[PDB]
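J.: Please read through the structure below; I'll follow up with questions.
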Amino acid sequence: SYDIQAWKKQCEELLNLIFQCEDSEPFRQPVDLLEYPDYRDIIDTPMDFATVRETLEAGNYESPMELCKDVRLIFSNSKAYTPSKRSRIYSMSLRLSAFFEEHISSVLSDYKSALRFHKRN
Ligand SMILES: O=C(Nc1ccon1)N1CCN(C(=O)c2ccco2)CC1
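Numbering (the authors' numbering), first residue to last: 1315 to 1435.
Here you go:
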């Protein structure tokens, strides 16, 4: 497909699948500072899947690369806030990251291919 717009619905569907994963539940809404009072000492830019979905639905992503950067920030924040690489919530992040990367690969490839076809002449 050379459809330059198709990534948006493909990302909406992938976010729906991520919301059906039990592994996403800790990453759905902005982190709880009352539970994790040091969190914002450690993490410069909070990110969560509800923020990503709202940004997409507002029309405030230009490309699936930008959405991918925010989703990867959810996972780097978990890797950097975790007190242990054997932690429950951290291990949930690693499985969910593998699922996300498996699905986003085609979305990025198709978008970049569509843009190259648009600029072919
Ligand atoms: O508090 C939340 N999430 C909430 C709170 C209300 O809704 N979602 N956390 C998820 C993100 N997070 C981690 O990545 C992590 C790694 C090791 C321990 O925690 C900190 C805890």
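The beta-carbon is built from N, C-alpha and C at its ideal position, and this holds for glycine as well.
(1) Can you tell me whether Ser1338 sits near ligand 1, meaning its C-beta is under 8 Å from at least one heavy atom of the ligand?
(2) Below 8 Å on the Cβ atoms is my guess for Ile1403 versus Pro1351; work out the distance and round it to an integer in Å.
(3) Please go through the same chain and pick out, in chain order, the residues whose beta-carbon is closer than 8 Å to the beta-carbon of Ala1428, but skip the five residues on each side of it.
(4) Buried or exposed: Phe1431, going by 16 or more other Cβ atoms within 10 Å of its Cβ?
(5) Check whether the Cβ atoms of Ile1332 and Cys1382 lie closer than 9 Å to each other.
(6) Give the single residue among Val1366, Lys1393, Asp1358 whose Cα lies nearest to the Cα of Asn1330.
(7) Taking only three categories from DSSP, how would you classify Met1379?
(8) For ligand 1, any of its heavy atoms closer than 8 Å to the Cβ of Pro1397?
(9) For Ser1401, which of helix, strand or coil comes out of DSSP?
(10) Alpha carbons only, please: which of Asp1358, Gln1334, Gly1373 is nearest the one belonging to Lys1323?
(11) Does the Cβ-Cβ distance between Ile1388 and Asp1358 come in under 9 Å?
(12) Closer than 8 Å to a non-hydrogen atom of ligand 1 - does that hold for the CB of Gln1343?
T.: Quick answer:
(1) Result no, Cβ not under 8 Å from ligand 1.
(2) Between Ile1403 and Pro1351 the beta-carbon gap is near 16 Å, outside 8 Å, which marks them as no contact.
(3) These residues qualify, in order along the chain: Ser1315, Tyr1316, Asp1317, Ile1318, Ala1320.
(4) So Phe1431 ends up on the exposed side.
(5) Cβ distance not < 9 Å, so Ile1332 and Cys1382 don't count as in contact.
(6) Selected option, being the one with the closest Cα: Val1366.
(7) When DSSP states are grouped into helix, strand and coil, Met1379 belongs to the helix group.
(8) At least one heavy atom of ligand 1 is nearer than 8 Å to the Cβ of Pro1397, so yes.
(9) Of the three classes helix, strand and coil, the one that applies to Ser1401 here is coil, per DSSP.
(10) The shortest C-alpha to C-alpha distance from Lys1323 to any of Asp1358, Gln1334, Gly1373 is the one to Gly1373.
(11) With contacts defined by Cβ atoms closer than 9 Å, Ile1388 and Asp1358 do not form a contacting pair.
(12) Checking the Cβ of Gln1343 against ligand 1 gives yes.
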